[PDB]
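This report refers to the structure that appears directly beneath it.
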Amino acid sequence: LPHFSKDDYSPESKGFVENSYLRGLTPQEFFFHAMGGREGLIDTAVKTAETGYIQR
Amino acid sequence: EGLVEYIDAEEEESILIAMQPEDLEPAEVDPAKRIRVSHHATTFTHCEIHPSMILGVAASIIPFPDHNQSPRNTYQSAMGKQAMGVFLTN
Amino acid sequence: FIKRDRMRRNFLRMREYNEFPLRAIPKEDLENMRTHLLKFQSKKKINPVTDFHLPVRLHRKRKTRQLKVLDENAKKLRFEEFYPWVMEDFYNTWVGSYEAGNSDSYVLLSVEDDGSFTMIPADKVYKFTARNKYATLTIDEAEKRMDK
Amino acid sequence: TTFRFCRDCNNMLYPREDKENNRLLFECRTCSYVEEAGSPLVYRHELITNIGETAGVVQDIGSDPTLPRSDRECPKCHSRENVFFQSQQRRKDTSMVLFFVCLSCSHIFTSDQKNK
Amino acid sequence: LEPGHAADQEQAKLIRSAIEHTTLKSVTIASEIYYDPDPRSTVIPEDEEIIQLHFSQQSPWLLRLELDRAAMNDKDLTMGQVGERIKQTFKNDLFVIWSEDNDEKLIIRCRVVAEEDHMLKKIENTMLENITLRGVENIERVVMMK
Amino acid sequence: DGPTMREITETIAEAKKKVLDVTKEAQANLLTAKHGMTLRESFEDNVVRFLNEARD
Amino acid sequence: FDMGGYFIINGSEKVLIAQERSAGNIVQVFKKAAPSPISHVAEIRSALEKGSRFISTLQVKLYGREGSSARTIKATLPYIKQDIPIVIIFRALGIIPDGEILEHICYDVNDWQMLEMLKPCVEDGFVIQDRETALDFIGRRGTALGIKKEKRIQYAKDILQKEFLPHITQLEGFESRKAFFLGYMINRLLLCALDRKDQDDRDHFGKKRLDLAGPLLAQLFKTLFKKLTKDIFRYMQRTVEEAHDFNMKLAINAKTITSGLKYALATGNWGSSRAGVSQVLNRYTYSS
Amino acid sequence: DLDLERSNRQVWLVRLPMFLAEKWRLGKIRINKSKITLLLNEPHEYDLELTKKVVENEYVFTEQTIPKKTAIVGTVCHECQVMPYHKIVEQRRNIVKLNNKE
Amino acid sequence: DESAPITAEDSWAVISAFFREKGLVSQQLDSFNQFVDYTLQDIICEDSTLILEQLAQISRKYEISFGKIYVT
Amino acid sequence: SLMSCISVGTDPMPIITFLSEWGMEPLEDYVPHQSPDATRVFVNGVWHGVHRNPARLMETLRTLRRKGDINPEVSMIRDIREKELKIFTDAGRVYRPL
Ligand SMILES: [Zn+2]
Ligand SMILES: [Zn+2]
């Protein structure tokens, strides 16, 4: 993200969400969590679309 | 007067943006608040107006979306386009 | 922890030198001759026209009712003069081409015998290229030799 | 590998074997310009490429705000104000060895403790 | 593996060294071509040591190359058996020399019976790609697992 | 509870110190990767392993 | 509270959804993991800023896989069938020597790798050494409708002055500039082949351009206006050819523009090219 | 019948700013011995930089297969460029960025 | 004072001054308005001239060109 | 997103005219052996020339960009490692205020 430095290999900047759902999440973590959610939805959709063809 | 500037996705490659103004600009805890990053970076060229503006129109109706998982924010963002209400007065 | 919606009452309750002159040559000489520029492309530093020897020669080498497209002026006058010139003797060859982009603003400060100078606006500018140094070619022989 | 060009022709000088004096030469096949050889080397492939890791180093590299800042001192001028960045050669087997660039003498000193 | 030679790491290292594909390009740091007309004498001052040993009509052009000692270790190889492989590859048309394992710089030189450079460059491609030092085809990255 | 929150904060903190140590050892080129993977793959496996271990 | 921002056709509230397309006039490089002899492709979609809507795209291809020798470079040209090497095009642009070519491609004399990979192109560029033989070469390679050679050399030169790189400009004499830009594209292709730069990302949102009602109605009104002019001229030629009187009511028609705009903003198609552009406005609630 | 008149004449090429160039479409140059300026007529003085010192293979000719009358002028002696009450010129340069259409 | 740093809540005011100026759907209005303003004159002026070539045996020609467009 | 807008496109001619007044050398006069450290200038992907002082020029274009002279929809980038300076004034780009 354009909010960190370059060549940063720290775990926080690479996607680690150290906060919990009880105290909320930071923007740079909510964005990655949104990426994981959309990826989950797409993966489930593809798995179903292929599951139907396999079933037939 | 040179106090606010538009930035696309190309110029965003060559700028350093700060999230909160009064939390990352000045130089230096209750366990109920969330853990944030540090302010080791000095060359902050720009600053975010507010992070809550990254969401769209449908997700803006969600209360406390940080404490909720993303696919529920998506499902609510999809159900917000078909609820009963009053669109106009005429 | 609540949305502060009473900001209307809060805002309502809160608010050595050598000088030499320049001259413009009369426009008669500008109407007689057009000043063009010369630039060589042979890398060799010297190459004067005295070493170019003599004689130096620079010379330029039924249907019913229908439809026409159109075209403008200066572009047409530059399009009709599609014959580049060449300077040779009787052997060295130099063939020039137009530069176009290097028109813009170019003023010549020709130095005479006296310290004063004569300024002439540049009409065009051309890039001369030394042609036929090695002396060889082929056409169809190269088209058949490139098929190996 | 670091070949020369012809005079006037400016074409590349292909190597020509001199069988009379038995010595290498450099020729131009367009013309009759043949110069001597100052080295027997002609071709070097160099498979494993290690160059390009420190690519793109400019005089104005110290004014980059996106680049980080460190506090390690230079071995030459002993300046703790420097800017570090990894190798510029992008490849799978490229190591993550940092490259320190001092903001005073513009020296490039790395952080590898095994090989220097 | 076999039940008799089980729970053994060295034997599995021999099997891995017997099937894992290896090529000459794997061990090659760099190669370079030299013009050296005299077959026996070499202009290069270093390689003179090799010239002194490995010696005690041919092409004036020299093909030379250097190997990674670490590659000679990870993939167990011998400069000797390599030179054997090339000699039994091209047979007698290409004369071959190779440096010792003792040498801190691994060196290999070769010559032949228009310009000789192009011929050498062809042979370079053949050397790197078409020589397999050991192991059967289409086998890579053999992993030991308990 | 409070003490449990502090034990979680220290658990994550120890993993952060481990990722920082492996990060410094990787930047110093002092860690040789195992057979089958490169330096970056082994480093990412170590960081992800430590983060998942601290989260678990 | 009516936000507006939509159209009304036949009593229906139609909305033009924002379309998304890629940008142009930017040099791009990509890899080819297929067994094709081309390893890297340098695509660049060239088009003017306003007018005509150009689709011609230049491509600079690098032949030969990694490991094998004789990796030449050949770039395709519009209206020309087979591909042409880059050095021959440099000869057709007025640059005859090869040291100047290597001086335009590679801008660093200290680097030996790029110059080393330039060698085969300098060999084929040694085969064809003249500018006139290069213009006759491109004249004989592509576009065989010229028949005569004297018109195909000047026709090929006009191709290099007009169709070749529509951007920058299309005038005569800009061959040096286009030579520097071409050497820049070759520098990006070979510089991407040396593993010094990653493959150009297409998912970068900054390289994407959106289209609202402005661009769409610009294309539509452009084509409709062209058809209007063509029809008016057709009526003119019919009038002067059939020898009759002229009338302003029969020459300029309004149902071409009215039917074009009303039909395009009425149906989902924007003329199947494009579909689903116009959708009925969802009045389920305000946030919808 | 092309004839070289002299070519011995030395000419200096100048890249002028647009307002003064279009005005020329007289002053007095002051040569300061490695810095030279120009005192125009009332008006500004202009430092002219020695853009390119060595300037060979460049010449100047004039014109009075179709051969035409060709005459040679002189050699190019030095490549130059005129460099520039400057606030009014800066304001005019800011003012040119205000072109609009109806 | 007047030269004091702003806070996090204060930023909301800025956002207000944004939506008061633009509006939630200002991109379509600005793009459409710019289309009507400039795009019409650009399309009309970029290819307005058409000429008919008439032959007789003395040559003749005719021309039609479009100028400033008018919207109602 | 709630503060995201779409550019509309301006005119690149005044910028190109303004660059050549501060010593922007045209492209056809470029020699890589006489000016290797020259920074290339790009306007909408068109290479018009280089400049041997991108610092003061970039500062000038930024100061004049913040005062309101140049349309804020124009996005200018200065890639240091690539040694380029892209200028985008075309319509279709999505920006956000900061
Ligand atoms: Zn030659
Ligand atoms: Zn230092």
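Residue numbers start at 1 in each chain; chains themselves are named A, B, ... in the order of the structure tokens; ligands are numbered from 1 in the order shown.
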Please return as a ChimeraX atom specification the residues found within 12 Å of ligand 1, counting only C-alpha atoms and all ligand atoms. /C:133-135 /D:4-14,26-35 /G:97-99,126
Enumerate as a short mmCIF file (atom, residue, chain, number, x, y, z; two decimals) with N, CA and C atoms, in the first residue's frame the residues within 7 Å of ligand 2, counting only C-alpha atoms and all ligand atoms.
```
data_model
loop_
_atom_site.label_atom_id
_atom_site.label_comp_id
_atom_site.auth_asym_id
_atom_site.auth_seq_id
_atom_site.Cartn_x
_atom_site.Cartn_y
_atom_site.Cartn_z
N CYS D 74 28.46 4.87 7.83
CA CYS D 74 29.24 4.49 6.66
C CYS D 74 30.65 4.07 7.08
N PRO D 75 31.23 3.05 6.44
CA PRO D 75 32.61 2.68 6.76
C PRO D 75 33.63 3.70 6.31
N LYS D 76 33.26 4.64 5.44
CA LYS D 76 34.20 5.64 4.94
C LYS D 76 34.09 6.94 5.73
N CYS D 77 33.02 7.70 5.49
CA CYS D 77 32.84 8.99 6.14
C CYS D 77 32.23 8.88 7.53
N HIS D 78 31.73 7.71 7.92
CA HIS D 78 31.09 7.50 9.22
C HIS D 78 29.87 8.40 9.39
N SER D 79 28.97 8.34 8.41
CA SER D 79 27.73 9.10 8.43
C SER D 79 26.57 8.14 8.67
N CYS D 102 25.09 5.91 1.32
CA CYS D 102 25.33 7.05 2.19
C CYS D 102 24.87 8.34 1.53
N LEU D 103 24.37 9.27 2.35
CA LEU D 103 23.87 10.55 1.88
C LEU D 103 24.90 11.67 2.03
N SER D 104 26.18 11.32 2.00
CA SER D 104 27.24 12.32 2.12
C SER D 104 28.27 12.15 1.01
N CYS D 105 28.94 11.00 0.98
CA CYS D 105 29.93 10.70 -0.04
C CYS D 105 29.37 9.87 -1.19
N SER D 106 28.10 9.47 -1.11
CA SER D 106 27.43 8.70 -2.16
C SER D 106 28.06 7.32 -2.36
N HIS D 107 28.65 6.76 -1.30
CA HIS D 107 29.22 5.42 -1.39
C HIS D 107 28.13 4.37 -1.21
#
```
For atom CA of residue J:87 and atom CA of residue J:20, determine how far apart the two atoms are, in Å to one decimal place.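 Separating atom CA of residue J:87 from atom CA of residue J:20 is a distance of 15.1 Å.
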Test item: chain A residues at most 10 Å from chain B, counting only C-alpha atoms, as a tab-separated table (two decimals) with N, CA and C atoms, in the first residue's frame:
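Saved to out22.tsv:
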```
chain	number	residue	atom	x	y	z
A	1	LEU	N	0.83	-1.19	0.00
A	1	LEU	CA	0.00	0.00	0.00
A	1	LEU	C	0.87	1.25	0.00
A	2	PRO	N	0.36	2.37	-0.52
A	2	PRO	CA	1.16	3.61	-0.55
A	2	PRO	C	1.28	4.29	0.80
A	3	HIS	N	0.93	3.58	1.87
A	3	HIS	CA	1.01	4.13	3.22
A	3	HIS	C	2.19	3.58	4.01
A	4	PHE	N	2.95	2.66	3.43
A	4	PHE	CA	4.13	2.08	4.06
A	4	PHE	C	5.36	2.42	3.22
A	5	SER	N	6.52	2.01	3.71
A	5	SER	CA	7.77	2.24	3.01
A	5	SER	C	8.03	1.14	1.98
A	12	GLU	N	3.38	-7.01	9.73
A	12	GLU	CA	2.22	-6.13	9.78
A	12	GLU	C	1.91	-5.54	8.41
A	13	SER	N	2.94	-5.11	7.69
A	13	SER	CA	2.75	-4.53	6.37
A	13	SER	C	2.47	-5.57	5.30
A	17	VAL	N	-3.05	-9.38	10.53
A	17	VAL	CA	-4.08	-8.63	11.24
A	17	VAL	C	-3.95	-8.99	12.72
A	18	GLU	N	-3.22	-8.15	13.46
A	18	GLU	CA	-3.02	-8.39	14.89
A	18	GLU	C	-4.19	-7.91	15.74
A	19	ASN	N	-5.11	-7.14	15.18
A	19	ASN	CA	-6.29	-6.71	15.90
A	19	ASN	C	-7.37	-7.80	15.83
A	20	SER	N	-8.40	-7.64	16.65
A	20	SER	CA	-9.50	-8.59	16.73
A	20	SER	C	-10.80	-7.91	16.33
A	21	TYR	N	-11.83	-8.73	16.11
A	21	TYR	CA	-13.14	-8.21	15.75
A	21	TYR	C	-13.84	-7.53	16.92
A	22	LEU	N	-13.34	-7.68	18.14
A	22	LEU	CA	-13.94	-7.02	19.29
A	22	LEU	C	-13.54	-5.55	19.38
A	23	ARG	N	-12.31	-5.22	18.96
A	23	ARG	CA	-11.80	-3.86	19.03
A	23	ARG	C	-11.70	-3.20	17.67
A	24	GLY	N	-12.22	-3.83	16.62
A	24	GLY	CA	-12.17	-3.27	15.29
A	24	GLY	C	-10.85	-3.56	14.59
A	25	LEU	N	-10.81	-3.22	13.30
A	25	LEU	CA	-9.65	-3.44	12.46
A	25	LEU	C	-9.19	-2.13	11.84
A	26	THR	N	-7.91	-2.07	11.51
A	26	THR	CA	-7.33	-0.91	10.85
A	26	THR	C	-7.62	-0.96	9.35
A	27	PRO	N	-7.56	0.19	8.66
A	27	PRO	CA	-7.86	0.19	7.22
A	27	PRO	C	-6.98	-0.74	6.40
A	28	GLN	N	-5.66	-0.71	6.64
A	28	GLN	CA	-4.76	-1.57	5.87
A	28	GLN	C	-4.99	-3.05	6.15
A	29	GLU	N	-5.70	-3.39	7.22
A	29	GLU	CA	-6.08	-4.77	7.48
A	29	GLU	C	-7.47	-5.09	6.94
A	30	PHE	N	-8.39	-4.13	7.02
A	30	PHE	CA	-9.73	-4.33	6.47
A	30	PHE	C	-9.69	-4.46	4.95
A	31	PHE	N	-8.74	-3.80	4.29
A	31	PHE	CA	-8.60	-3.94	2.85
A	31	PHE	C	-8.17	-5.36	2.47
A	32	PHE	N	-7.15	-5.88	3.16
A	32	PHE	CA	-6.69	-7.24	2.89
A	32	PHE	C	-7.77	-8.26	3.24
A	33	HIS	N	-8.51	-8.01	4.32
A	33	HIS	CA	-9.61	-8.90	4.68
A	33	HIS	C	-10.70	-8.87	3.62
A	34	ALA	N	-10.93	-7.70	3.01
A	34	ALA	CA	-11.88	-7.62	1.90
A	34	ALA	C	-11.37	-8.39	0.69
A	35	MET	N	-10.06	-8.33	0.43
A	35	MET	CA	-9.48	-9.14	-0.64
A	35	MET	C	-9.70	-10.63	-0.38
A	36	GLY	N	-9.48	-11.07	0.86
A	36	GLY	CA	-9.70	-12.47	1.18
A	36	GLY	C	-11.16	-12.88	1.07
A	37	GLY	N	-12.07	-11.97	1.43
A	37	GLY	CA	-13.49	-12.28	1.30
A	37	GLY	C	-13.92	-12.41	-0.15
A	38	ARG	N	-13.54	-11.43	-0.98
A	38	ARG	CA	-13.86	-11.51	-2.40
A	38	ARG	C	-13.24	-12.75	-3.03
A	40	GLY	N	-12.66	-15.56	-1.49
A	40	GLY	CA	-13.48	-16.68	-1.06
A	40	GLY	C	-14.75	-16.81	-1.88
A	41	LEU	N	-15.42	-15.69	-2.14
A	41	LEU	CA	-16.65	-15.72	-2.93
A	41	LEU	C	-16.37	-16.22	-4.35
```
Please, which residues of chain D, numbered as in this document, come out helix (DSSP H, G or I) from DSSP, as a PyMOL selection string? chain D and resi 59-63
File of the preceding selection, C-alpha atoms, as a compact mmCIF listing (two decimals), in the first residue's frame:
```txt
# COMPACT_ATOMS: atom_id res chain seq x y z
CA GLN D 59 22.91 11.50 -7.92
CA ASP D 60 19.43 12.53 -6.71
CA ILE D 61 18.74 9.22 -4.94
CA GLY D 62 18.91 10.92 -1.52
CA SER D 63 15.85 13.08 -2.20
```
Give me the chain E side of the contact with chain F, cut-off 12 Å, one line per residue showing its nearest atom pair and distance in Å at one decimal, counting only C-alpha atoms, sorted by chain and residue number, as a tab-separated table.
```
residue	atom	partner	partner_atom	distance
E:74	CA	F:35	CA	10.6
E:140	CA	F:36	CA	9.6
E:141	CA	F:36	CA	6.2
E:142	CA	F:36	CA	8.3
E:143	CA	F:35	CA	7.2
E:144	CA	F:35	CA	9.2
E:145	CA	F:35	CA	11.5
```
Please provide the set of residues having any atom within 9 Å of residue J:54, restricted to only C-alpha atoms, with same-chain residues fewer than 2 positions apart removed, written as a short mmCIF file (atom, residue, chain, number, x, y, z; two decimals) with C-alpha atoms, in the first residue's frame.
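Once everything was written out, this is part.cif:
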```
data_model
loop_
_atom_site.label_atom_id
_atom_site.label_comp_id
_atom_site.auth_asym_id
_atom_site.auth_seq_id
_atom_site.Cartn_x
_atom_site.Cartn_y
_atom_site.Cartn_z
CA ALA J 38 19.23 13.98 -19.03
CA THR J 39 15.73 13.21 -17.75
CA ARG J 40 13.21 12.28 -20.43
CA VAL J 41 9.94 14.23 -20.49
CA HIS J 51 15.75 18.17 -19.68
CA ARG J 52 18.98 18.40 -17.69
CA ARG J 56 13.69 22.84 -10.44
CA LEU J 57 11.36 22.10 -13.37
CA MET J 58 9.32 19.61 -11.33
CA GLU J 59 9.16 22.07 -8.43
CA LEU J 85 8.35 11.88 -15.94
#
```
10 Å contact set for residue C:137, only C-alpha atoms, chain neighbours under 6 positions out, as a ChimeraX atom specification: /G:128-130,132-133
Report the distance between atom CA of residue F:29 and atom CA of residue E:104 in Å, rounded to one decimal place.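 Separating atom CA of residue F:29 from atom CA of residue E:104 is a distance of 23.6 Å.
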